[PDB]
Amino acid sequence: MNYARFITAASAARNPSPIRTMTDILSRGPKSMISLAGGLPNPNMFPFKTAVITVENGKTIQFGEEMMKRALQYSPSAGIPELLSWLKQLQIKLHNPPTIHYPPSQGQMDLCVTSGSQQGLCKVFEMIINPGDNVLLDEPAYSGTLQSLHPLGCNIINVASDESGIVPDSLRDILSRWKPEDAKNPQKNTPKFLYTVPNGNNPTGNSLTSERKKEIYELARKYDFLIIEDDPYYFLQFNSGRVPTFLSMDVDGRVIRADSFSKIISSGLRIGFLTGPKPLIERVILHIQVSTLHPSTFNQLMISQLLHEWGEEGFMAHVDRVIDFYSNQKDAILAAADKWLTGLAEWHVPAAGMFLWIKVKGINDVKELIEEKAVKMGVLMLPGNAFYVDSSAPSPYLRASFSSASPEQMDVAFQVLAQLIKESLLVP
């Protein structure tokens, strides 16, 4: 593969920090070296000395004097080596990517820890998009990506979707405006990428099937575009057995996958990871290097010590317990919607994630009902408008989270929603 045609001139221009050259010759000269090249502050000046963090169904995490000095000090841009190696083994175990042993220039599998999955996505979008570029996605889409894409001046082409996610026939019809050979033509504008959330799409809750993923992949090869697999709900699927990912079928080295620990381990710690072809991951690490420098060393060490103690088994056992909690929350929100919203609204059972996407029946726009009227009654829900490229267009939809509210809180919230819908239905 040739990755240069996908990236911007600014991304290609990025150079590594001069400290990398010193790090390369660190293991090339003697072992007991004196380093005056560095810019690392003296760790002994830092006021935090030791840390003890208690874990539920796990051994207490302890940072002694030496471990605390490491946790409070600068660390590599791509992430700490022990976290990177554990995550690489996890990706091999779960996805067995065809690119593991490819040459670096051919899209060899590479990983990098990011300050949440949002950072990975943001740096990936900025690395690729020139104004006027064509990108593909299915609307309604995650507001965070629409808000990232909007300032980049790309044309967002909406791909049709249903309860099983993106409709491959719709993607096929959209692509027919070009010929496969246009992808090699510098003056043709074939799509740079397809962006999708394959499990529990935010905000619909819909997931792609294996069959559809294979057809989509086949179209990505034919018209030579990348696939940005934003999969933060991969570890939050309600159905038994995880569906194979785009990364698992990536023979071409065309997939960039974002994984998140936000719903399973911690959202506040800002630790996610990106998996993709080495030349593209390298461009992302270089942009991260001049922005955050690296993700928090302390937070990485907390997560790394937890994952190593748990092992792959302990991690999977924890995700099962988390899925079980969200599955019970999903049943409770579905029972509340059946009770108060039957005949007033329409909804599908979410396949993954923490959201219920609700279509209000006899209202063109739910925005004032949700942003004003519901808030004054003490109930917060998100209007559907936020999940479309054209947010000014009227939306009869709303997104309801089932992550934390109790069944009684859901009962009160849905009773309020029903009351407001009824009020709106009476106004001619």
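All residue numbers refer to positions in the sequence shown, first residue = 1.
Participant: Decide which of the stretches 291-299 and 96-104 has the higher mean C-alpha B-factor, going by the entry.
Facilitator: Mean B over CA atoms: larger for 96-104.
Participant: What stretch has the higher average Cα B-factor here, 12-20 or 416-424?
Facilitator: Higher of the two, by average CA B-factor, is 12-20.
Participant: Could you tell me which one of 321, 257, 177, 330 shows the highest CA temperature factor in the PDB record?
Facilitator: By C-alpha B-factor in the record, 177 ranks first.
Participant: State the tercile, meaning the lowest, middle or highest third, of residue 159 with respect to the CA B-factors recorded for its chain.
Facilitator: As the PDB entry reports it, the C-alpha B-factor of residue 159 lands in the middle third of its chain.
Participant: Grab the CA temperature factor for residue 143 from the record and place it in the lowest, middle or highest third of its chain.
Facilitator: Lowest third, going by the recorded CA B-factors of the chain.
Participant: Comparing against every modelled residue in the chain, figure out the third that the C-alpha B-factor of residue 359 lands in (lowest, middle or highest).
Facilitator: It belongs to the lowest third of the chain when residues are ordered by C-alpha B-factor.
Participant: Check where residue 7 lands among this chain's C-alpha B-factors and tell me if it's the lowest, middle or highest third.
Facilitator: Residue 7: CA B-factor falls in the lowest third of its chain.
Participant: Quick check for you: using the entry's CA B-factors within this chain, is residue 309 in the lowest, middle or highest third?
Facilitator: It belongs to the highest third of the chain when residues are ordered by C-alpha B-factor.
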